[PDB]
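**Q** Below you'll find the sequence and an experimental structure to go with it.
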Amino acid sequence: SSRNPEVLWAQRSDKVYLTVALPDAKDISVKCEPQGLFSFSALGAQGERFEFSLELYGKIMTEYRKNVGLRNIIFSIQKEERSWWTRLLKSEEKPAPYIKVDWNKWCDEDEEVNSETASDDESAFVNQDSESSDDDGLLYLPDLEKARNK
């Protein structure tokens, strides 16, 4: 009925990233407070529901919100830089078992992600020739009067 796969978190100075393992997104209704709220999604690839709840120890700015999805739904929300948010989860005593860490949206301390990844090729046109030769057809002639004599 209700599903909760892995949900990866990662943060930057201003914004925070939410990496949800969700192939086919359907009817996503998001209730988030700067202090915590619950989000409801529907999984179209299974026919199942998705539902998680986030209690925020830190404080969020629900104004800046982006949902970008490849094979998964990445939801980036801007954190309100009020003072010091040591933890994202208000309930640090008991985290949700579906909460995990995103190893790719973490603050890259001098990494590099352009490692021969940007290789593009096109079907460019160059020379159109299609030159062909033509023959006369035939020059075969009966050489001699080859007849059967008696």
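**A** Received the coordinates, thanks. Residues are numbered from 1 along each chain as shown.
**Q** neighbours around the nearest residue to residue 15 once chain neighbours are set aside, how many?
**A** Distances taken as CB to CB, 6 or more residues apart in numbering place residue 78 nearest to residue 15, at 4.6 Å, with adjacent residues excluded. Just so you know, the C-beta spots here come from the backbone N, C-alpha and C atoms, and that holds for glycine as well. The number of residues packed near residue 78 is 16, by other CB atoms under 10 Å.
**Q** ok, residue 78 - contacts?
**A** By CB atoms under 8 Å, 6 or more residues apart in numbering, the contact set of residue 78 is 14-16, 60-61, 63-65.
**Q** looking at those, which has the most residues close by?
**A** Neighbour counts for the contacts of residue 78 (other CB under 10 Å) peak at residue 60, which has 23 neighbours.
**Q** Now that one. Nearest residue, chain neighbours left out?
**A** Excluding the flanking residues, the one nearest residue 60 by CB to CB, 6+ apart is residue 34, at 4.4 Å.
**Q** That neighbour touches residue 59, doesn't it?
**A** Yes. Residue 34 is within contact range of residue 59, at 4.6 Å (criterion: CB atoms under 8 Å).
**Q** okay, and the common contacts of the two?
**A** Common neighbours of residue 34 and residue 59, using CB under 8 Å, 6+ apart, are residue 80.
**Q** from the contacts of residue 78, which is closest to residue 8?
**A** residue 16 (11.3 Å; CB to CB).
**Q** which residue packs closest to the closest one, ignoring adjacent ones?
**A** Residue 16 sits nearest to residue 79 (CB to CB, 6+ apart), 5.2 Å away.
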